[PDB]
Amino acid sequence: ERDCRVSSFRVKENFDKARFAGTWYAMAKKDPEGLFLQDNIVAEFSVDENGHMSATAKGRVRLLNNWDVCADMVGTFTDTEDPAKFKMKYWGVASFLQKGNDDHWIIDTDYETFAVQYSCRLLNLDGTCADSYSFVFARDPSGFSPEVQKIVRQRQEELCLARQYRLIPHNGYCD
Ligand SMILES: CC1=C(/C=C/C(C)=C/C=C/C(C)=C/CO)C(C)(C)CCC1
């Protein structure tokens with residue numbers, strides 16, 4: 001029944017980059033394979049005068065060898081035929097942090113309260129995603145109204161990611 005083909009997924013209608021700017025607290029995440037941000041994750045989005053979107057982000061990550069560090073990350077986004085779908089180039093302030101180029105899709109947002117983000121890093125032969133990640137972001141660090149929670153849950157189901165997220169703490173560690 002459920003179509004899990006990435007090419008089928010709905011994204012945010014008439015996505016507005018400028019209204020999306022500012023501070024976004026990560027409340028929940030679905031992990032990909034390998035090294036990934038762990039917790040204390042906060043993003044800052046910006047858009048310049050020509051419509052070019054970029055972001056910084058902080059979060060705790062534990063390395064190779066179990067070393068715990070505060071990652072300071074940077075991303076730059078390229079626009080596509082769909083206003084809600086981007087290519088994100090990313091790197092760290094420290095040279096040893098992971099660098100890459102990921103799809104970056106805004107699945108849904110009301111710009112003032114929540115956002116659901118998605119990235120498929122690898123397609124299966126059948127069109128479904130072999131390696132994804134997803135953030136649930138909030139403007140306000142706290143639990144979301146029950147009304148907003150219901151909508152977020154539905155979006156998770158539509159991405160074929162329901163029941164695959166974990167809650168993320170904030171306790172300072174990265175200042
Ligand atoms: C840049 C960037 C993002 C992704 C960051 C990633 C993927 C970080 C991974 C870091 C690693 C693996 C560090 C250890 O080397 C998100 C989607 C939050 C949006 C804001 C900008």
# chains A, B, ... in the order shown; residues from 1 in each chain; ligands from 1

$ closest_atom_pairs --of "chain A" --to "ligand 1" --cutoff "8 Å" --atoms "only C-alpha atoms and all ligand atoms" --output "Markdown table"
| residue | atom | partner | partner_atom_place_in_ligand_line | distance |
| --- | --- | --- | --- | --- |
| A:34 | CA | ligand 1 | 12 (C) | 7.6 |
| A:35 | CA | ligand 1 | 12 (C) | 4.4 |
| A:36 | CA | ligand 1 | 12 (C) | 4.0 |
| A:37 | CA | ligand 1 | 10 (C) | 5.3 |
| A:41 | CA | ligand 1 | 18 (C) | 7.5 |
| A:42 | CA | ligand 1 | 18 (C) | 7.7 |
| A:43 | CA | ligand 1 | 20 (C) | 5.2 |
| A:44 | CA | ligand 1 | 20 (C) | 7.0 |
| A:45 | CA | ligand 1 | 20 (C) | 7.1 |
| A:54 | CA | ligand 1 | 21 (C) | 7.6 |
| A:55 | CA | ligand 1 | 21 (C) | 5.0 |
| A:56 | CA | ligand 1 | 21 (C) | 5.4 |
| A:57 | CA | ligand 1 | 20 (C) | 5.3 |
| A:61 | CA | ligand 1 | 14 (C) | 5.9 |
| A:62 | CA | ligand 1 | 14 (C) | 7.3 |
| A:63 | CA | ligand 1 | 14 (C) | 6.4 |
| A:71 | CA | ligand 1 | 13 (C) | 6.3 |
| A:73 | CA | ligand 1 | 1 (C) | 5.2 |
| A:74 | CA | ligand 1 | 1 (C) | 4.9 |
| A:75 | CA | ligand 1 | 1 (C) | 4.3 |
| A:76 | CA | ligand 1 | 1 (C) | 7.8 |
| A:88 | CA | ligand 1 | 1 (C) | 7.5 |
| A:89 | CA | ligand 1 | 1 (C) | 7.6 |
| A:90 | CA | ligand 1 | 1 (C) | 5.0 |
| A:91 | CA | ligand 1 | 1 (C) | 6.8 |
| A:92 | CA | ligand 1 | 13 (C) | 7.5 |
| A:96 | CA | ligand 1 | 15 (O) | 6.4 |
| A:97 | CA | ligand 1 | 15 (O) | 3.4 |
| A:98 | CA | ligand 1 | 15 (O) | 3.8 |
| A:99 | CA | ligand 1 | 15 (O) | 7.5 |
| A:100 | CA | ligand 1 | 7 (C) | 7.8 |
| A:102 | CA | ligand 1 | 7 (C) | 7.9 |
| A:104 | CA | ligand 1 | 17 (C) | 7.1 |
| A:117 | CA | ligand 1 | 17 (C) | 7.6 |
| A:134 | CA | ligand 1 | 17 (C) | 7.9 |
| A:135 | CA | ligand 1 | 17 (C) | 7.3 |

$ closest_residue --among "A:140, A:13, A:68, A:175" --to "residue 105 in chain A" --atoms "only C-alpha atoms"
A:13

$ closest_residue --among "A:107, A:4, A:64, A:70" --to "residue 160 in chain A" --atoms "only C-alpha atoms"
A:4

$ closest_residue --among "A:67, A:26, A:31, A:40" --to "residue 121 in chain A" --atoms "only C-alpha atoms"
A:31

$ select_by_dssp --residues "chain A" --states "helix (DSSP H, G or I)" --output "list in words"
residues 6, 7, 8, 17, 18, 19, 20, 146, 147, 148, 149, 150, 151, 152, 153, 154, 155, 156, 157 and 158 of chain A

$ atom_distance --atom1 "CA of residue 60 in chain A" --atom2 "CA of residue 166 in chain A"
15.4 Å

$ closest_residue --among "A:82, A:16, A:33, A:1" --to "residue 110 in chain A" --atoms "only C-alpha atoms"
A:16

$ closest_residue --among "A:152, A:146, A:159, A:168" --to "residue 115 in chain A" --atoms "only C-alpha atoms"
A:152

$ select_by_dssp --residues "range 19-135 of chain A" --states "strand (DSSP E or B)" --output "PyMOL selection string"
chain A and resi 22-30+39-47+53-62+68-79+85-92+100-109+114-123+128-135

$ closest_residue --among "A:170, A:29, A:49, A:18" --to "residue 119 in chain A" --atoms "only C-alpha atoms"
A:29

$ atom_distance --atom1 "CA of residue 85 in chain A" --atom2 "CA of residue 58 in chain A"
22.7 Å
